[PDB]
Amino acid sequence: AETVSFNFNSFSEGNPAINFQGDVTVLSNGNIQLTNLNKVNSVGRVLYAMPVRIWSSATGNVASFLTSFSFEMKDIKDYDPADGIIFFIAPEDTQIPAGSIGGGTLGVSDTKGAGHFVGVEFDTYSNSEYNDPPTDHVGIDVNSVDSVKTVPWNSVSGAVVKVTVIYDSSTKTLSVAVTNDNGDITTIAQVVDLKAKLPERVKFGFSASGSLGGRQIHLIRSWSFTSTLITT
């Protein structure tokens, strides 16, 4: 088979394996701070430098992958806790949308919240302009921040969250498991046809944004990944 795997217990802004886009910045403790606190419409993104072949136009096969990461969101005084983080998969040439308003677009969509990407957002602000549920939530996005599905969730300031994703090729079922601070788990699943919505060669990564009045600390602590494509 064709297997891809990596593991980051910490980061550094000189590692060739990571692509930094936007106001991204690496802290002294090894964490990645996606957005700039005192910047209007801040947008930061981070992608694994190397492109993962998730499916073969040849065989007709699709890869299965298991990844898990942990992040932290914290409130900053006088500023609305927004907008959130999103784990995304996109074509290898993915860029921050030209003139991106930031905020509710999470840095992977245009003003009408559209774009070419599949992702799991950890939304902390309700954008009626995107059909956002009235409360914090977790969602499965498929080429739009107007989630195909969401599940109520609760963002605790300054608490480390742990996430475990699984994509089973056979069923094209993307399943998420989120371990909240109080021990409680939150799950959400959706059937997404990756071959159908993305190219053979893509890229994974994290993005986060905010507005002028909406800002908060977005930190990625660790990230491990392993994809496996059957070649037969």
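From 1 onward, residues are counted along the sequence shown.
Asks: Tell me which of 153 to 161 and 72 to 80 has the higher mean C-alpha B-factor in the deposited entry.
Replies: So the stretch with the higher mean C-alpha B-factor is 72 to 80.
Asks: If you average the CA temperature factors as listed in the entry, which stretch comes out higher, 94 to 102 or 107 to 115?
Replies: Comparing 107 to 115 with 94 to 102, the higher average CA B-factor belongs to 94 to 102.
Asks: In the PDB entry, which of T35, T171, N182, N41 has its C-alpha at the highest B-factor?
Replies: The record points to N41.
Asks: Taking the values straight from the PDB record, which of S57, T186, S28, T67 has the highest C-alpha temperature factor?
Replies: Comparing C-alpha B-factors across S57, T186, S28, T67, the top value belongs to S57.
Asks: Of the three thirds of its chain by CA temperature factor, lowest, middle or highest, which one includes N61?
Replies: For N61, whose C-alpha B-factor we compare with every modelled residue in the chain, the answer is the highest third.
Asks: Which third, lowest, middle or highest, does the C-alpha temperature factor of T135 belong to within its own chain?
Replies: Ranked within chain, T135 CA B lands in the highest tercile.
Asks: Would you please rank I220 by its C-alpha temperature factor against the other modelled residues of its chain and give the third it falls in: lowest, middle or highest?
Replies: Lowest third, going by the recorded CA B-factors of the chain.
Asks: Against its chain's modelled residues, does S227's Cα B factor rank lowest, middle or highest third?
Replies: Its C-alpha B-factor belongs to the middle third of this chain's values.
Asks: Grab the CA temperature factor for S147 from the record and place it in the lowest, middle or highest third of its chain.
Replies: CA B-factor rank for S147: lowest third.
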